[PDB]
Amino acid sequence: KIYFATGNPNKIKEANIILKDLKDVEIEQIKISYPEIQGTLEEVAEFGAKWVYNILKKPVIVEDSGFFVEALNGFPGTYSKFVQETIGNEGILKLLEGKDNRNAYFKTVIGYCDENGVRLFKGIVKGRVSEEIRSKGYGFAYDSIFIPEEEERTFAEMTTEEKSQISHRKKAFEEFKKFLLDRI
């Protein structure tokens, strides 16, 4: 049993599916808020996990994710949500106007912590930003403008199952899983 400090129940359902295999492990949501600090996703998740651990003192995880555009120097990055709300996807495309490098990537950092300390687990998916919003009604925010790896479709035109093995979130949770598996 490991606690996930978040308000989104779906993150627990998602975590439990990637880890269903670990017969002896279970993920449970814990409604403890923590400050999300300014800094890298790593810094946000480490601080976050320690903050909740100090309070719950039981095995727990936190998570921070972001969208990074190359020609934009990694922006929006850890403030990807704030940017989505204020300038959104249109803002991103305006800023990429005339840029030849449309490369970008999503990345998730899970922050684990227990009596032994904090451990970071990462996942990334590299791709490129499309020139227009392309959507089949499938994703959130930046998904209508991100094309993963060798695909021609954006995340917004792919089903949950088409993105299940390639996503940063998926990749991050497989890393946390490795850690739980080969764990002593």
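One rule holds for the numbers: they count along the sequence shown, beginning at 1.
Here the stretch with the larger average CA B-factor, out of 61-69 and 32-40, is 32-40.
Per-stretch averaging of Cα B factors for 73-81 and 90-98 places 90-98 on top.
Listed residues 19, 172, 166, 12 were ranked by CA B-factor as deposited; 19 comes out on top. Among the modelled residues of the chain, residue 54 sits in the highest third by CA temperature factor in this PDB entry.
Ranked by Cα temperature factor within the chain, residue 157 sits in the lowest third according to the deposited record. Ranked by Cα temperature factor within the chain, residue 144 sits in the lowest third according to the deposited record.
For residue 130, the recorded CA B-factor ranks within the lowest third of the chain. Only modelled residues enter the ranking. Per the PDB record, residue ranking by Cα B-factor puts residue 104 in the lowest third of the chain.
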